[PDB]
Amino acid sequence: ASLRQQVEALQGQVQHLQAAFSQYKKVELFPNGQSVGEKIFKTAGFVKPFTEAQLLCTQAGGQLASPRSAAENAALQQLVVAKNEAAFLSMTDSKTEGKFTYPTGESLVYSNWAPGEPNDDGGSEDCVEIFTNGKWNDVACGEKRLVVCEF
């Protein structure tokens, strides 16, 4: 009656929010965001050394891009191609050389290394970038690569 009518109204509000929010999400993701599954990649539009880009992500409430999938990597790669800038991933074998780990300290459930990589070139390459072709290369942490954080 008066409850029928006000739930019926609660109905319209929630539909209005889904359409509005839906169109808003599109707006947010253009042009510096990629959506794939339940994760979002977003670029900061610029480049920084690993430690500098790493802290950018953590405090924004997310973390460096950690594609655990060829699908996540291809989307991330869509972002890297776009800026025409190779980007850091979250992974680092700085604990123990030769074995790369996610920031929790876990081990890689997925990789997309480029031929010859990782080679720890110079005896000092413990971070990872992703190329415009989507493939991986371990590299020194002090190099400035595109900042892309996952959410």
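One-based numbering along the sequence shown.
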query: 6-14 or 128-136, whichever carries the higher mean Cα B-factor; finding: 6-14
query: 90-98 or 30-38, whichever carries the higher mean Cα B-factor; finding: 90-98
query: Chain thirds of CA B-factor: placement of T43; finding: lowest
query: Ranked against its chain, the third holding the CA B-factor of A114; finding: lowest
query: Ranked against its chain, the third holding the CA B-factor of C149; finding: lowest
query: Third of chain Cα B-factors occupied by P103; finding: highest
query: Ranked C-alpha temperature factor of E85 among modelled chain residues, by third; finding: highest
